[PDB]
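Since the structure comes first, as structure tokens, the remarks are kept for the end.
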Amino acid sequence: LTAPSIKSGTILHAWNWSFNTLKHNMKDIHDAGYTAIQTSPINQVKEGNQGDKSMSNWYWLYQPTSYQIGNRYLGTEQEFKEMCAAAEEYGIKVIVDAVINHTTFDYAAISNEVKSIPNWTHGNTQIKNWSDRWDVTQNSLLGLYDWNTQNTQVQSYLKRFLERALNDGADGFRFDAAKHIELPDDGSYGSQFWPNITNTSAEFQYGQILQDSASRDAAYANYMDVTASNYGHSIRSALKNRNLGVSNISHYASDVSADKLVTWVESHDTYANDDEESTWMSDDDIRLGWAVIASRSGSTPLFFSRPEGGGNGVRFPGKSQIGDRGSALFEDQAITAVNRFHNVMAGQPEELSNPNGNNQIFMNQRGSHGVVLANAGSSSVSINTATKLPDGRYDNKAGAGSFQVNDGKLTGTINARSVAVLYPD
Ligand SMILES: OC[C@H]1O[C@H](O[C@H]2[C@H](O)[C@@H](O)[C@@H](O[C@H]3[C@H](O)[C@@H](O)[C@@H](O[C@H]4[C@H](O)[C@@H](O)[C@@H](O[C@H]5[C@H](O)[C@@H](O)[C@H](O)O[C@@H]5CO)O[C@@H]4CO)O[C@@H]3CO)O[C@@H]2CO)[C@H](O)[C@@H](O)[C@@H]1O
Ligand SMILES: [Ca+2]
Ligand SMILES: [Ca+2]
Ligand SMILES: [Ca+2]
């Protein structure tokens, strides 16, 4: 229900949830078995399109104007502080999405607070060659003004913001566009930006480093955890073909070890961006996806709270607005069961397989303690596989059903499009 550390638990991405909504849905998030929560950017941003709350305006939260805490979309610093305290009341940790690689693109909106720092930016010359580290780190991403991360004065300014969040109650960070901030060994233009701003009391901290050739996943891993963006793609592909074949969904598609990895089925971008890369999915595809990644060992899964009514190609249904609580899926019986499972199996090794050679059925056996089954198939299946679980009756915790282990053999009917969580007590 609550792991001994942010790293051993499941993180709920409260995408666009205001500080007050969060505060109010704390008992629920605790009940659902999450150890940490990830908020949207908590700082002062360029509140575009006249500050309108339509979900389609979500992107304005990634265009900072000053690094003061509080904004119209999510709320005020006091509210943030109050929410961190409400979280702590149930042992929940708070993770802050820190957009520290850039500010807004609208130069006139940038605060004096920012403009006062001598030589604070690199400019807004759009990145051209993505295979070039110099271009990727030293130039403008989307025309968003690029902070001059080599400037110790900007480092200090940005770091005091992190410090302030931690002191407000926060416990960790998700470094937005962390791939666009050079490392020490990043050639002639490296810097001590990471060793510096990473040196805080933050329990857990990881960066969004979308994978490619100039992303250096294994290098950033030496400072913070990294995002397995490719793996997420493998998962979505699997769910797409309804083929949960272990050969493909077992390699994290990265050269970083899973204990320095943050995983997901989809991110706020794949869903919310105009590409609609993962919007196609439905709650059912997400349940099976979660079962697959949140049953793994060592990797920290991040659950994405989609807009009330989103899915099936529909991004912004217009049933909620920025600040409103997301869909109820975050606390579904099947999701909750896997979170609990994920927590209790901490430390346990894993072994993946496909019962009876059926690639539509995913089985994850954590030691001789638990078993997670995911049937992506459109029909029900009766299984009969070996098991390290003791003999006895096991009721499906993720939903309805019972399985019987007998003479080291698992048997039962996993319902179509269903997840099954199996373990004692
Ligand atoms: O006015 C400038 C700009 O404003 C808007 O742009 C929006 C984006 O549309 C929103 O997506 C958002 O962007 C955020 C993301 O939400 C945030 O998660 C993160 O994502 C970045 C990555 O960090 C960055 O690396 C890059 O990903 C690349 C990979 O690097 C590359 O390997 C792979 O091949 O391709 C991906 C995608 O190109 O880009 C993503 C975002 O797509 O950081 C960004 C920046 O904060 O917010 C911005 C700004 O509000 C308008 O939509 C846009 O048209 C306009 O140019
Ligand atoms: Ca940069
Ligand atoms: Ca805290
Ligand atoms: Ca659509």
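Basis: the model, the stated rules and, where named, an outside source; no laboratory instrument gave them. Because the Cβ atoms are built from the backbone with ideal geometry, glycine has one as well, and the counts that use them run over all protein chains shown.
I'm checking my understanding of the structure. Among residues of region 113-124 that are surrounded by 13 or more Cβ atoms within 10 Å (Cβ to Cβ) and outside any helix (DSSP H, G or I), which one is nearest to ligand 4 (Cβ to nearest atom)?
Ranking the candidates gives 124 first.
With the structure loaded, tell me whether residue 249 is part of a helix (DSSP H, G or I) and aliphatic (A, V, I, L, M) or whether it fails that test. Even if it seems obvious, please write down each step before you answer.
Working: part of a helix (DSSP H, G or I): no; aliphatic (A, V, I, L, M): yes.
Answer is no for this residue.
If you go through region 127-143 one residue at a time, do you hit one that is under 26 Å from the mean Cα position of the chain (by Cα) and in a strand (DSSP E or B)?
yes
Can you name the residue in region 324-343 that is surrounded by fewer than 19 Cβ atoms within 10 Å (Cβ to Cβ) and more than 18 Å from the chain's Cα centre (by Cα) and is also farthest from residue 425 (Cα to Cα) among such residues?
324
Taking region 166-193 only, how many residues are assigned to a loop (DSSP other than H, G, I, E, B) and more than 15 Å from ligand 2 (Cβ to nearest atom)?
Looking only at that region, the number is 4.
Does residue 94 satisfy the criteria of being touching a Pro at 6+ places or on another chain (Cβ under 6 Å) and either assigned by CATH to the domain that holds residue 140 or over 23 Å from residue 4 (Cα atoms) (or both)?
So residue 94 does not fit the description; no.
Tell me whether region 183-200 contains one or more residues that are more than 16 Å from ligand 3 (Cβ to nearest atom), within 20 Å of the chain's Cα centre (by Cα), of a type outside the set (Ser, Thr, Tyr) and at negative phi.
Step one: filter region 183-200 for residues more than 16 Å from ligand 3 (Cβ to nearest atom), giving 183-199.
Among the residues that remain, those that are also within 20 Å of the chain's Cα centre (by Cα) are: 198.
Going one step further and asking which of them are of a type outside the set (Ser, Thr, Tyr), we end up with none.
Looking through region 183-200, none of the residues is more than 16 Å from ligand 3 (Cβ to nearest atom), within 20 Å of the chain's Cα centre (by Cα), of a type outside the set (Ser, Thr, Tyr) and at negative phi.
For every residue, the table says whether it meets (1) crowded, with 18+ Cβ neighbours inside 10 Å; (2) of a type in the set (D, E, K, R).
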position	(1), (2)
370	yes, no
395	no, yes
401	yes, no
404	no, no
407	no, yes
411	no, no
419	yes, no
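Looking at region 79-91, is at least one residue within 15 Å of ligand 1 (Cβ to nearest atom) and not in a loop (DSSP other than H, G, I, E, B)?
Scanning region 79-91 turns up no residue that is within 15 Å of ligand 1 (Cβ to nearest atom) and not in a loop (DSSP other than H, G, I, E, B).
Residue 214 fails exactly one of the following numbered conditions: (1) in a helix (DSSP H, G or I); (2) within 14 Å of ligand 2 (Cβ to nearest atom). What is the number of that condition?
It is condition (1) that residue 214 fails.
Take the residues in region 247-274 that are closer than 19 Å to residue 209 by Cα, among the acidic types (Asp, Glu) and surrounded by fewer than 23 Cβ atoms within 10 Å (Cβ to Cβ); name whichever of them is farthest from ligand 2 (Cβ to nearest atom).
Within region 247-274, the match that is farthest from ligand 2 (Cβ to nearest atom) is 259.
So, in region 76-117, exactly how many residues are more than 12 Å from ligand 3 (Cβ to nearest atom) and within 20 Å of the chain's Cα centre (by Cα)?
The number of residues fulfilling the criteria is 5.
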